[PDB]
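Letter by letter, the chains look like this.
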Amino acid sequence: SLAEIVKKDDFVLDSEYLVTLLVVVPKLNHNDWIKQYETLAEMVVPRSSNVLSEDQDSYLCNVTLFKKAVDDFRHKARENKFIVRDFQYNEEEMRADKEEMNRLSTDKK
Amino acid sequence: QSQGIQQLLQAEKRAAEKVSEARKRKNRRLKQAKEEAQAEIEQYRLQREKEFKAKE
Amino acid sequence: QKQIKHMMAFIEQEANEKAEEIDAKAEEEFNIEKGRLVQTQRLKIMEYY
């Protein structure tokens, strides 16, 4: 659940032409992904990565690109073994998930 | 953020404004087309008026 | 680096083309609009006289 990690400010939002994706990458593959960032698909925004979380096997990081390129990016990412996490920010759902586990606990009680 | 995003947002704003200006041109020119039609129908009216006065 | 300038020029060129298509569609609608109006009113003027 990424609501424990991400903020509204971490994404480009409401653009006609840009999307921010979340990529999960093996920790040993960090330098390979940093080298691929500028090159993996067309119309990516240069030098604008940001690691939002890190873990024993892997880390989770921003990329931002022109909305056409998403399929080439996620496909060539999978060919490079980088994994595009399907996610879209909506703070109302982040708040709802923070409310729901407390509601479920309350109703059980 | 790296500032490039801000410039592309300014570009998408400039882009949206150019298409919005074309919609504003359409909205103005629609009234001009009505005002042009309203001139011609008065000529047809005046022509039939003069012809009717000649018949009377 | 160059790619941001290319991307800005690309999306503004999409707006150049979209603006021109709206301007073209506007002209084509005005060429239909005056035809509908003038011929209807001419026929009503004749039906009156």
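- cryo-EM is the method the PDB entry lists for this structure, together with a resolution of 3.0 Å.

### What to know about the interface of chain C and chain B
Then, in step 1: On the chain B side, the residues contacting the 24 residues of chain C number 26 residues.
Then, in step 2: Counting the surface lost from both chain C and chain B, the interface buries some 2,500 Å², and carbon and sulfur atoms represent 75% of this.
Then, in step 3: At the surface where chain C touches chain B, the tally comes to five salt bridges.
Then, in step 4: A salt bridge links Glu12(C) to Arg14(B); its shortest N-O distance comes to 2.7 Å.
Then, in step 5: Summed over the shared surface of chain C and chain B, the result is six residue pairs in polar contact.
Then, in step 6: Taken together, the residues of the side of chain C that touches chain B break down into 14 nonpolar, two polar and eight charged.

### Focus: the environment of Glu21(C)
Residue and element names in this part refer to chain C.
Then, in step 1: By the secondary structure assignment, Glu21 is in helix α1 (residues 3-48).
Then, in step 2: We classify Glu21 as partly exposed; its relative accessible area is 46%.
Then, in step 3: Residues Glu21 and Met7 lie 14 residues apart in sequence; the distance between their C-alpha atoms is 21 Å.

### Some remarks on the sheet that holds strand β2 (residues 50-54) of chain A
All names here are of chain A.
Then, in step 1: Here four strands make up an open sheet; going across it, the order is β2-β3-β1-β4 and the pairing antiparallel. Taken across any chain shown, the strands that pair with only one partner, and hence form the sheet edges, are β2 and β4 (83-85). Within the sheet, the average angular offset between the axes of one strand and its neighbour, ignoring direction, is 35 degrees.

### Some words on the pairing of strand β3 (residues 58-66) of chain A
Every regular strand shows the same layout, with side chains that alternate between the two sheet faces.
All names here are of chain A.
Then, in step 1: With eight of nine residues buried, β3 is to be regarded as a mostly interior element.
Then, in step 2: Here nine bridges tie strand β1 (residues 18-26) to β3, and the two strands are oriented antiparallel to one another. Residue pairing in the sheet places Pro26 in a bridge with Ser58 of β3.
Then, in step 3: Pairing analysis gives four bridges linking β2 to β3, with the strands arranged antiparallel. Following the sheet pairing, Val51 is matched in β3 by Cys61.
Then, in step 4: Counted between consecutive antiparallel strands, the loop separating β2 from β3 contains three residues.

Reading the values: rules and limits
- Residues numbered from 1 in each chain as written, not as in the entry; some residues may be left out.
- Chains lettered and ligands numbered in written order.
- Part of a larger assembly, values for the part shown.
- Heavy atoms only, no water.
- Contact = heavy atoms within 4.5 Å.
- Buried area = accessible area lost by both parts, 1.4 Å probe.
- Salt bridge = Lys/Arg side-chain N within 4 Å of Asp/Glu carboxyl O.
- Polar contact = N/O pair within 3.5 Å; in protein donor to acceptor, adjacent residues only side chain to side chain.
- Nonpolar A, V, L, I, M, F, W, Y, C, P; charged D, E, K, R; others polar.
- Helix = DSSP H or I, 4+ residues; strand = E, 2+ residues; numbered from the N terminus.
- Buried < 20%, exposed > 50% of the residue type's maximum accessible area, 1.4 Å probe, protein only.
- Pairing = 2+ DSSP bridges.
- Axes fitted to C-alpha atoms, helices over the stretch in contact; angles between N-to-C directions.

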